[PDB]
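Student: Generate coordinates for the sequence data below:
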Amino acid sequence: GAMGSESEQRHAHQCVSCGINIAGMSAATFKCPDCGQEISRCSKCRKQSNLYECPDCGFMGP
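Tutor: Numbering: from 1, shown residues only. Take a look at the structure below.
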């Protein structure tokens, strides 16, 4: 019937805190120990590092 969106994927790299346009930029690139998805955190995120959350698997962490 209706096509699923989850089935499809995109390369939209944005900040985990807000959503800065740091796609393919020199931002904080790390692999989530939960899923392993490439997480890009802008410089500003450095301050929010105290408490982040993986936007991929909705994994809320410190």
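
Student: Three-state assignment for the residue nearest in space to the middle of the chain, please.
Tutor: Centroid-nearest residue in the chain, with Cα atoms, centre = their mean: residue 39, separated by 4.1 Å. Secondary structure assignment for residue 39 (DSSP: H, G, I helix; E, B strand; the rest coil): strand.

Student: Residue 1 versus that one, what's the distance?
Tutor: Look at residue 39 and residue 1: by Cβ to Cβ, to the nearest Å, they are 34 Å apart. C-betas here are computed from N, CA, C, even on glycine.

Student: The residue nearest to the centre of the chain reaches residue 32, doesn't it?
Tutor: Yes - counting by Cβ atoms under 8 Å, residue 39 touches residue 32, with 5.8 Å between them.

Student: hey, what's in contact with both of these two?
Tutor: Common neighbours of residue 39 and residue 32 are listed as 54, 56 (criterion: Cβ atoms under 8 Å, 6 or more residues apart in numbering).

Student: Residue 2 versus residue 13, what's the distance?
Tutor: On the measure of Cβ to Cβ, residue 13 and residue 2 end up 28 Å apart.

Student: Who has more neighbours out of the two?
Tutor: residue 13 (17 against 4; other Cβ atoms under 10 Å).

Student: Okay, that one and residue 39: tell me how far apart.
Tutor: 9 Å.

Student: What of residue 59?
Tutor: Remark: distance between residue 59 and residue 39 (Cβ to Cβ) = 10 Å.
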